[PDB]
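Below is protein25.csv, which holds CSV, C-alpha atoms and all ligand atoms.
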```csv
chain,number,residue,atom,x,y,z
A,1,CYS,CA,-4.9,-5.4,6.7
A,2,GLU,CA,-8.6,-4.9,5.7
A,3,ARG,CA,-9.1,-7.6,8.3
A,4,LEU,CA,-8.5,-5.3,11.2
A,5,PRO,CA,-11.9,-4.0,12.4
A,6,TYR,CA,-13.7,-0.8,11.6
A,7,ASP,CA,-15.8,0.4,14.6
A,8,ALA,CA,-18.3,2.6,12.9
A,9,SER,CA,-19.8,3.9,16.2
A,10,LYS,CA,-16.4,5.6,17.0
A,11,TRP,CA,-15.3,6.7,13.5
A,12,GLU,CA,-18.3,7.1,11.1
A,13,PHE,CA,-19.1,10.6,10.1
A,14,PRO,CA,-22.2,11.7,8.2
A,15,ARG,CA,-21.6,12.8,4.6
A,16,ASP,CA,-24.3,15.5,4.9
A,17,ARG,CA,-22.0,17.3,7.5
A,18,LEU,CA,-19.1,17.4,5.1
A,19,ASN,CA,-18.9,20.4,2.6
A,20,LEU,CA,-16.2,19.7,0.1
A,21,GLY,CA,-13.9,22.6,-0.9
A,22,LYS,CA,-10.7,23.0,-2.9
A,23,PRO,CA,-8.6,20.0,-4.0
A,24,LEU,CA,-5.2,19.9,-2.4
A,25,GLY,CA,-3.9,17.0,-4.5
A,26,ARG,CA,-4.8,14.2,-6.9
A,27,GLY,CA,-3.2,11.0,-8.2
A,28,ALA,CA,-3.9,7.7,-10.0
A,29,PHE,CA,-5.0,6.3,-6.5
A,30,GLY,CA,-7.2,9.0,-5.0
A,31,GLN,CA,-8.1,12.7,-4.5
A,32,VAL,CA,-7.3,14.8,-1.4
A,33,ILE,CA,-9.6,17.7,-0.8
A,34,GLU,CA,-10.1,20.4,1.8
A,35,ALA,CA,-13.6,20.3,3.4
A,36,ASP,CA,-15.7,21.9,6.2
A,37,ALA,CA,-16.9,19.3,8.7
A,38,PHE,CA,-19.5,20.3,11.3
A,39,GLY,CA,-19.4,18.5,14.6
A,40,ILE,CA,-16.4,16.2,13.8
A,41,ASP,CA,-15.0,16.7,17.3
A,42,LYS,CA,-18.5,16.3,18.8
A,43,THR,CA,-18.6,20.0,19.6
A,44,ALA,CA,-21.1,22.4,17.7
A,45,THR,CA,-18.3,23.9,15.5
A,46,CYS,CA,-17.2,23.8,11.9
A,47,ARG,CA,-13.6,22.6,11.4
A,48,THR,CA,-11.7,22.6,8.1
A,49,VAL,CA,-10.4,19.1,7.5
A,50,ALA,CA,-8.6,17.2,4.8
A,51,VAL,CA,-10.5,14.4,2.9
A,52,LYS,CA,-9.0,11.6,0.9
A,53,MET,CA,-11.7,10.2,-1.4
A,54,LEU,CA,-11.6,7.4,-4.0
A,55,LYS,CA,-11.9,7.9,-7.8
A,56,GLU,CA,-14.8,8.3,-10.1
A,57,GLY,CA,-16.1,4.7,-9.9
A,58,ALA,CA,-14.7,1.5,-8.4
A,59,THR,CA,-11.5,-0.5,-8.4
A,60,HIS,CA,-11.5,-3.1,-5.7
A,61,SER,CA,-7.7,-2.8,-5.3
A,62,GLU,CA,-8.0,1.0,-4.8
A,63,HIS,CA,-11.0,0.5,-2.5
A,64,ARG,CA,-9.1,-2.1,-0.3
A,65,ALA,CA,-6.0,0.2,-0.3
A,66,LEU,CA,-7.9,3.2,1.1
A,67,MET,CA,-9.9,1.0,3.4
A,68,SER,CA,-6.6,-0.6,4.8
A,69,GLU,CA,-5.1,2.9,5.1
A,70,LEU,CA,-8.1,3.8,7.3
A,71,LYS,CA,-7.7,0.7,9.5
A,72,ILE,CA,-3.9,1.4,9.8
A,73,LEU,CA,-4.6,5.0,10.9
A,74,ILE,CA,-7.1,3.7,13.5
A,75,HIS,CA,-4.7,1.0,14.6
A,76,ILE,CA,-1.8,3.5,15.1
A,77,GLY,CA,-3.8,5.9,17.2
A,78,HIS,CA,-3.3,9.6,18.0
A,79,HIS,CA,-0.2,11.7,18.5
A,80,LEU,CA,0.3,15.5,18.3
A,81,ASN,CA,3.0,15.1,15.7
A,82,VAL,CA,1.3,12.9,13.1
A,83,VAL,CA,-1.6,13.7,10.8
A,84,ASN,CA,-4.5,12.3,12.9
A,85,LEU,CA,-7.6,10.5,11.7
A,86,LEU,CA,-10.8,12.4,12.6
A,87,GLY,CA,-13.4,10.2,11.0
A,88,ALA,CA,-14.6,8.3,7.9
A,89,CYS,CA,-17.5,7.9,5.5
A,90,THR,CA,-17.7,4.2,4.6
A,91,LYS,CA,-21.4,3.3,4.5
A,92,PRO,CA,-23.2,2.6,1.3
A,93,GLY,CA,-24.8,5.4,-0.9
A,94,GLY,CA,-21.8,7.7,-1.2
A,95,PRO,CA,-18.0,7.7,-1.9
A,96,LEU,CA,-15.4,6.3,0.5
A,97,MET,CA,-13.9,9.2,2.3
A,98,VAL,CA,-11.2,9.3,5.0
A,99,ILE,CA,-11.1,12.5,7.1
A,100,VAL,CA,-7.9,13.8,8.7
A,101,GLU,CA,-6.6,16.9,10.4
A,102,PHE,CA,-5.9,19.8,8.0
A,103,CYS,CA,-2.5,21.5,8.1
A,104,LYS,CA,-3.1,24.9,6.7
A,105,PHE,CA,0.5,25.9,5.8
A,106,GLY,CA,1.1,22.7,3.8
A,107,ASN,CA,4.4,20.9,3.4
A,108,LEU,CA,7.5,21.9,5.3
A,109,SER,CA,10.1,22.0,2.5
A,110,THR,CA,8.0,24.4,0.5
A,111,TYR,CA,7.3,26.5,3.6
A,112,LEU,CA,11.0,26.8,4.6
A,113,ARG,CA,12.0,27.8,1.1
A,114,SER,CA,9.5,30.7,1.4
A,115,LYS,CA,11.3,32.0,4.5
A,116,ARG,CA,14.8,32.2,3.1
A,117,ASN,CA,14.9,36.0,3.4
A,118,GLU,CA,12.8,36.0,6.5
A,119,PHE,CA,15.2,34.0,8.7
A,120,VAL,CA,17.4,35.2,11.6
A,121,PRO,CA,19.5,32.8,13.8
A,122,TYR,CA,18.3,34.7,17.0
A,123,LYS,CA,16.9,38.0,18.3
A,124,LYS,CA,7.8,40.0,12.7
A,125,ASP,CA,7.0,36.3,11.8
A,126,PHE,CA,10.7,35.5,11.2
A,127,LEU,CA,12.0,31.9,11.4
A,128,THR,CA,14.9,31.5,13.9
A,129,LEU,CA,17.1,28.6,15.1
A,130,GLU,CA,14.6,28.0,17.9
A,131,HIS,CA,11.9,27.3,15.2
A,132,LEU,CA,14.1,24.9,13.2
A,133,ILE,CA,15.2,23.0,16.2
A,134,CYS,CA,11.6,23.0,17.4
A,135,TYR,CA,10.5,21.4,14.1
A,136,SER,CA,13.3,18.9,14.3
A,137,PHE,CA,12.3,18.0,17.9
A,138,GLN,CA,8.7,17.6,16.9
A,139,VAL,CA,9.4,15.2,14.0
A,140,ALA,CA,11.6,13.1,16.2
A,141,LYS,CA,8.7,12.9,18.7
A,142,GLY,CA,6.4,11.9,15.9
A,143,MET,CA,8.9,9.2,14.7
A,144,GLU,CA,9.4,8.0,18.3
A,145,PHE,CA,5.6,7.5,18.3
A,146,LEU,CA,5.5,5.7,15.0
A,147,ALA,CA,8.4,3.5,16.2
A,148,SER,CA,6.6,2.6,19.4
A,149,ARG,CA,3.7,1.4,17.2
A,150,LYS,CA,6.2,-0.6,15.2
A,151,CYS,CA,5.9,1.3,11.9
A,152,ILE,CA,8.5,2.4,9.4
A,153,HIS,CA,7.9,5.4,7.2
A,154,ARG,CA,8.9,4.7,3.6
A,155,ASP,CA,9.6,8.4,2.8
A,156,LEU,CA,10.6,10.5,5.7
A,157,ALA,CA,11.3,13.8,4.1
A,158,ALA,CA,10.4,17.5,4.5
A,159,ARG,CA,7.8,17.3,1.8
A,160,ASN,CA,6.0,14.7,3.9
A,161,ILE,CA,6.0,17.0,7.0
A,162,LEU,CA,3.1,19.3,7.2
A,163,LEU,CA,2.8,22.5,9.2
A,164,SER,CA,-0.3,23.6,11.1
A,165,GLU,CA,-1.0,26.7,13.2
A,166,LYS,CA,1.0,27.4,16.4
A,167,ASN,CA,4.2,26.0,14.8
A,168,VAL,CA,2.9,22.4,15.1
A,169,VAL,CA,4.5,20.0,12.6
A,170,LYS,CA,2.9,16.6,11.7
A,171,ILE,CA,4.3,13.6,9.9
A,172,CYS,CA,2.1,13.0,6.9
A,173,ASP,CA,1.6,9.2,7.4
A,174,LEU,CA,4.2,5.3,3.4
A,175,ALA,CA,3.6,3.7,6.8
A,176,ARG,CA,4.4,0.0,6.6
A,177,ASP,CA,5.5,-2.7,9.2
A,178,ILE,CA,9.1,-4.1,9.6
A,179,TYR,CA,9.7,-3.5,6.0
A,180,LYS,CA,11.2,-5.2,2.9
A,181,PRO,CA,13.5,8.8,-2.6
A,182,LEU,CA,17.1,7.7,-3.2
A,183,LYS,CA,18.6,10.8,-1.6
A,184,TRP,CA,16.8,9.9,1.6
A,185,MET,CA,17.5,6.1,1.7
A,186,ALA,CA,19.9,4.4,4.1
A,187,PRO,CA,22.6,2.5,2.3
A,188,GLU,CA,21.3,-0.9,3.6
A,189,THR,CA,18.0,0.0,1.9
A,190,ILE,CA,19.5,1.1,-1.4
A,191,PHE,CA,21.5,-2.1,-1.6
A,192,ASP,CA,19.0,-4.6,0.2
A,193,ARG,CA,15.7,-2.8,-0.5
A,194,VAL,CA,14.9,-3.4,3.2
A,195,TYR,CA,13.5,-0.7,5.6
A,196,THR,CA,13.9,-0.6,9.4
A,197,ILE,CA,13.3,2.1,12.0
A,198,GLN,CA,17.1,2.7,11.9
A,199,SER,CA,16.8,3.3,8.2
A,200,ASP,CA,14.4,6.0,9.1
A,201,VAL,CA,17.0,7.5,11.5
A,202,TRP,CA,19.2,7.9,8.4
A,203,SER,CA,16.3,9.6,6.4
A,204,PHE,CA,15.7,11.9,9.4
A,205,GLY,CA,19.3,13.1,9.2
A,206,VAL,CA,18.6,14.0,5.6
A,207,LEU,CA,15.4,15.7,6.8
A,208,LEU,CA,17.5,17.7,9.3
A,209,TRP,CA,19.7,18.8,6.5
A,210,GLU,CA,16.6,19.9,4.6
A,211,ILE,CA,15.4,22.0,7.6
A,212,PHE,CA,18.7,23.7,8.2
A,213,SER,CA,19.2,24.4,4.4
A,214,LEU,CA,15.7,26.0,4.6
A,215,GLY,CA,14.2,23.6,2.1
A,216,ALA,CA,17.2,22.9,-0.3
A,217,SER,CA,17.5,19.7,-2.3
A,218,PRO,CA,19.9,17.1,-0.8
A,219,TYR,CA,23.2,16.3,-2.5
A,220,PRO,CA,23.4,19.6,-4.5
A,221,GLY,CA,24.7,19.1,-8.0
A,222,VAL,CA,25.4,15.4,-7.4
A,223,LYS,CA,24.3,12.7,-9.8
A,224,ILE,CA,22.3,9.9,-8.2
A,225,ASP,CA,24.1,7.0,-10.0
A,226,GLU,CA,26.4,4.0,-9.4
A,227,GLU,CA,29.1,6.4,-8.1
A,228,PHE,CA,26.8,8.2,-5.6
A,229,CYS,CA,26.0,4.8,-4.1
A,230,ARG,CA,29.7,3.8,-4.0
A,231,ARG,CA,30.5,7.2,-2.4
A,232,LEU,CA,27.8,6.8,0.3
A,233,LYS,CA,29.0,3.3,1.1
A,234,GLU,CA,32.7,4.5,1.5
A,235,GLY,CA,31.5,7.2,4.0
A,236,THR,CA,31.0,10.3,1.9
A,237,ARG,CA,28.5,12.7,3.5
A,238,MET,CA,26.8,16.0,2.8
A,239,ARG,CA,28.6,19.1,4.0
A,240,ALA,CA,26.9,21.4,6.6
A,241,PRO,CA,23.9,23.3,5.3
A,242,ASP,CA,23.9,27.1,5.4
A,243,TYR,CA,21.8,27.7,8.6
A,244,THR,CA,23.0,24.8,10.8
A,245,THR,CA,24.5,24.9,14.2
A,246,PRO,CA,27.6,22.7,14.8
A,247,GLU,CA,25.6,20.5,17.1
A,248,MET,CA,22.9,20.0,14.5
A,249,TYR,CA,25.4,19.0,11.9
A,250,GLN,CA,27.0,16.5,14.4
A,251,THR,CA,23.5,15.1,14.8
A,252,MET,CA,23.1,14.7,11.0
A,253,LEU,CA,26.4,12.8,10.9
A,254,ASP,CA,25.3,10.6,13.8
A,255,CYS,CA,22.1,9.8,11.9
A,256,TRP,CA,24.2,8.9,8.9
A,257,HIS,CA,26.2,6.3,10.7
A,258,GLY,CA,27.1,3.4,8.3
A,259,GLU,CA,26.1,0.8,10.8
A,260,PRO,CA,22.3,1.2,11.6
A,261,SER,CA,22.7,0.1,15.2
A,262,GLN,CA,25.3,2.9,15.7
A,263,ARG,CA,22.8,5.5,14.7
A,264,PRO,CA,20.9,7.0,17.6
A,265,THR,CA,17.3,5.9,18.2
A,266,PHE,CA,14.4,8.3,17.9
A,267,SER,CA,14.0,8.3,21.7
A,268,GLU,CA,17.7,9.4,22.0
A,269,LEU,CA,17.1,12.0,19.4
A,270,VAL,CA,14.0,13.4,21.3
A,271,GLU,CA,16.2,13.7,24.4
A,272,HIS,CA,19.1,15.3,22.5
A,273,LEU,CA,17.0,17.7,20.5
A,274,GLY,CA,15.0,18.7,23.7
A,275,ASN,CA,18.3,19.8,25.3
A,276,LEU,CA,19.4,21.7,22.2
A,277,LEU,CA,16.0,23.5,22.4
A,278,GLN,CA,16.6,24.3,26.1
A,279,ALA,CA,20.3,25.4,25.3
A,280,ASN,CA,19.0,27.7,22.5
A,281,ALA,CA,16.0,28.9,24.5
B,301,LIG,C1,1.1,19.8,0.6
B,301,LIG,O1,-0.2,20.0,0.0
B,301,LIG,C2,-0.9,20.7,0.9
B,301,LIG,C3,-1.3,20.2,2.1
B,301,LIG,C4,-2.1,20.9,3.0
B,301,LIG,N1,-2.6,20.3,4.2
B,301,LIG,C5,-2.9,19.0,4.4
B,301,LIG,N2,-3.3,18.7,5.6
B,301,LIG,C6,-3.6,17.4,5.8
B,301,LIG,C7,-3.4,16.4,4.9
B,301,LIG,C8,-3.0,16.8,3.7
B,301,LIG,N3,-2.8,15.8,2.7
B,301,LIG,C9,-2.1,16.0,1.4
B,301,LIG,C10,-2.6,17.0,0.6
B,301,LIG,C11,-2.0,17.2,-0.7
B,301,LIG,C12,-0.9,16.5,-1.0
B,301,LIG,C13,0.0,16.4,-2.1
B,301,LIG,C14,-0.1,17.2,-3.3
B,301,LIG,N4,0.9,15.5,-1.9
B,301,LIG,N5,0.6,14.9,-0.7
B,301,LIG,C15,-0.5,15.5,-0.1
B,301,LIG,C16,-1.0,15.2,1.1
B,301,LIG,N6,-2.7,18.1,3.4
B,301,LIG,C17,-2.4,22.2,2.6
B,301,LIG,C18,-2.0,22.7,1.4
B,301,LIG,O2,-2.4,24.0,1.2
B,301,LIG,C19,-2.3,24.8,2.3
B,301,LIG,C20,-1.3,22.0,0.5
B,301,LIG,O3,-0.9,22.6,-0.7
B,301,LIG,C21,0.0,23.7,-0.4
```

The structure given in the file should be rewritten as structure tokens.
Amino acid sequence: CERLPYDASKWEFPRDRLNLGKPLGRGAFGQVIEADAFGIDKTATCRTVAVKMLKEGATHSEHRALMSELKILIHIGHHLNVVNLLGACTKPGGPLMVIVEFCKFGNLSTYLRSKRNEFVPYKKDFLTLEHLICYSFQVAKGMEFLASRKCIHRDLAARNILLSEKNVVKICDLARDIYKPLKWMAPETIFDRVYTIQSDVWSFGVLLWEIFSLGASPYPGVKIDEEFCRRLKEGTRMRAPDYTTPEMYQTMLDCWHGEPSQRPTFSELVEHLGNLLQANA
């Protein structure tokens, strides 16, 4: 994948126009940090951005990984409902840095949990059914986009959905091709370790359950063991979450169809959720 091209003219950002701020996360692969970037959208403005940068030193593997991730992001292109690439610092004499949009409210599951006593179905800063269906609609749109670029997301879950201003949600993009988180996995993946876009439709149903439980853990008080997998195969499903509509629960069950080809597609979900948005609003 580091074999796809890197057009520096289009993507390269000067390191002296990045001012690094607080770390958002770290791991045995990289470090993600908040930064202020001047002129990253060509305009004479500062924008807060998110930067993924390598570790203190080398590894070739880790270098190729981040570099491949950059090229994938370029290859996929832009959509409102994914975390978009803004630029990169790849030239010699500094660390490899990949620069993406910053989502200032962080991950969706943590956020929803924080609004459990600030929620009203209809009627301040309160969450309402409109908001939850709007988020669901947005993620579907994001996944419809990834699908059209022939990606699967290995971990479609509320923790991997970030929230920006103006209620915009973005899939934090785990992005592989036609591919070969147990509570989020389709049964054909659990048993065959294989991921397709229809496997993501299953995970999206679990994500919907997360949204309409306001950030609860899936399969409450259930052991993820040999039984759980037997139960899922036989057709056992989660019960409705506390804040769901009937139609949203029906959609969850649709997404959890045993046969992958009987699950709706993301396009179908975008349509259906758009009508629920209009029926609510
Ligand atoms: C969820 O963590 C936050 C993300 C953000 N916002 C954000 N925008 C774009 C990319 C990005 N990457 C990113 C960072 C950190 C992590 C960890 C850890 N796992 N995966 C991660 C991905 N993050 C803002 C935050 O503060 C507002 C966060 O912490 C509350």

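Picture a line from CA of residue 281 (chain A) to CA of residue 215 (chain A); it runs 23.1 Å.
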
| Which residue of A:104, A:91, A:239, A:176 approaches residue 13 (chain A) most closely, using only C-alpha atoms | A:91

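Of the listed residues A:71, A:180, A:131, A:170, the one whose atoms come nearest to ligand LIG 301 (chain B) is A:170, with distances taken using only C-alpha atoms and all ligand atoms.
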
| said: Any residue with an atom at most 12 Å from ligand LIG 301 (chain B) counts, using all atoms listed in the file. Which are they? Put them as a VMD selection string. | reply: chain A and resid 21 to 27 29 to 35 48 to 53 82 to 86 98 to 111 114 155 157 to 165 168 to 174

| query | Just how far from CA of residue 214 (chain A) is CA of residue 251 (chain A), in Å to one decimal? | reply |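 Interatomic distance here is 16.8 Å.
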
| query | With distances taken over all atoms listed in the file, which of A:65, A:258, A:244, A:223 is nearest to residue 130 (chain A)? | reply |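 Looking only at the distances to residue 130 (chain A), the closest residue turns out to be A:244.
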
| query | Which of these, A:213, A:280, A:19, A:236, has the shortest distance to residue 249 (chain A) once you count only C-alpha atoms? | reply |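 Closest to residue 249 (chain A), using only C-alpha atoms: A:213.
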
| query | Pick from A:154, A:167, A:119, A:211: nearest to residue 194 (chain A), with all atoms listed in the file counted? | reply |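 Smallest separation from residue 194 (chain A) among the options: A:154.
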
| field | Using all atoms listed in the file: which of A:229, A:46, A:96, A:72 has the shortest distance to residue 12 (chain A) | value |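 Selected residue with least distance to residue 12 (chain A): A:96.
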
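Using all atoms listed in the file, the contacts of residue 231 (chain A) at a cut-off of 12 Å, with sequence neighbours closer than 6 positions omitted, comprise residues 187, 219, 222, 223, 224, 225, 237, 238 and 258 of chain A.
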
| Expressed in Å to a single decimal, how great is the separation between CA of residue 87 (chain A) and CA of residue 175 (chain A)? | 18.7 Å

| residue 190 (chain A) environment, 12 Å, only C-alpha atoms, sequence neighbours closer than 6 positions dropped, as a PyMOL selection string | chain A and resi 180-184+199+202-203+224-226+228-230+232-233

| 7 Å contact set for region 1-3 of chain A, only C-alpha atoms, chain neighbours under 3 positions out, as a list in words | residues 64, 67, 68 and 71 of chain A

Need to verify the contact set: residue 95 (chain A), 8 Å, all atoms listed in the file, exclusion of same-chain residues closer than 3 positions in sequence. Can you return it as a JSON list (two decimals) with C-alpha atoms, keeping the file's coordinate frame?
```
[["chain", "number", "residue", "atom", "x", "y", "z"],
["A", 53, "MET", "CA", -11.70, 10.20, -1.40],
["A", 54, "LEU", "CA", -11.60, 7.40, -4.00],
["A", 89, "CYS", "CA", -17.50, 7.90, 5.50],
["A", 90, "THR", "CA", -17.70, 4.20, 4.60],
["A", 92, "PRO", "CA", -23.20, 2.60, 1.30]]
```
